[PDB]
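To begin, one chain is listed below as structure tokens, in the form deposited in one PDB entry.
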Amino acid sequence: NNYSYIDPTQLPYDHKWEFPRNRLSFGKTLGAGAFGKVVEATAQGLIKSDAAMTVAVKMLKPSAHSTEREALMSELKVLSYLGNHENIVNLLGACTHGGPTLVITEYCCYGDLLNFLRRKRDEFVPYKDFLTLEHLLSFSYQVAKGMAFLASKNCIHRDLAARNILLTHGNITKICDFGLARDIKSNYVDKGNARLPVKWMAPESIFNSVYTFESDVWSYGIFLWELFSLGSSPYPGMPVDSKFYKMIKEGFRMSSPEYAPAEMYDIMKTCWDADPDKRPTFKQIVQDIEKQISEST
């Protein structure tokens, strides 16, 4: 075996990213969990030699175990390998010596899309600071372009959902939280023990712990249902129990949201094909949505 796939998480950390810890000033917590949090911060001298830039910083709690610390470094290495794209939350820097790992990313001033949609739900009108159908179509397109970029780098995200899409200036949407993202060299078999986002998962991920380009596409379909339902929770009135799994396996699928264009519901249904081989690729989804936007003009 003289040729092999280069595993981005095995490469050394590139100190071109290194930024002095003592030039980061922490502000409000943006998200938190059992062993970590993300905070807003000011980064003095990060980009502009004399000026401060608002960023986000991901970090573990002091009590975090070694497994969680290695997982944060692995995410930093995946982000370092991926490179830059308009529709992802980009890596800006890292702190690795003098203390625990801090990962510095772009800050998105409007927060996550799910809360944004729920806030805008009452002041939404399909046609024209109100949310409209043109905005929803734009968000669908931008998330599809970000995901096409990830797949073009042979990566899967594994937690695509409206809560992991952020909104920033100019109505630009960015995919965030690469904690579970993987380079898949043709699938990934999760051997972990964590809580899982069951209602966003492809059947083959639930039943066989298998993740692929095609299971990210399933989750994108669920994201589209969240988007055009203005932030409803998927499968309303259905607990995650034995009846849920049985229904999904037999072919049950959600109905169209009221405000989804028929051609966007069509994409949703193909993303949810029981056969992963019949689902569209993100490259095909981008081309589809592009034509819808052009015909909408």
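Residue numbers here begin at 1 and follow the sequence given. If you superpose the two forms and keep the largest set of C-alpha atoms that fall within 1.5 Å, you have the rigid core.
The following text describes the form deposited in another entry, which does not appear among the structures shown.
After superposition on the rigid core, the single residue among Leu91, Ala148, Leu180, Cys95 whose C-alpha moves by 2 Å or more between the shown form and the other one is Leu180.
Superposition on the rigid core between the shown form and the other one places the CA atom of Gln287 less than 2 Å from its counterpart. Relative to the shown form, the Cα atoms of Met59 and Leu180 move together by 3 Å or more in that other deposited form. In summary, the C-alpha positions of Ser140 and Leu180 diverge in that other deposited form, ending up at least 3 angstroms farther from each other than in this conformation.
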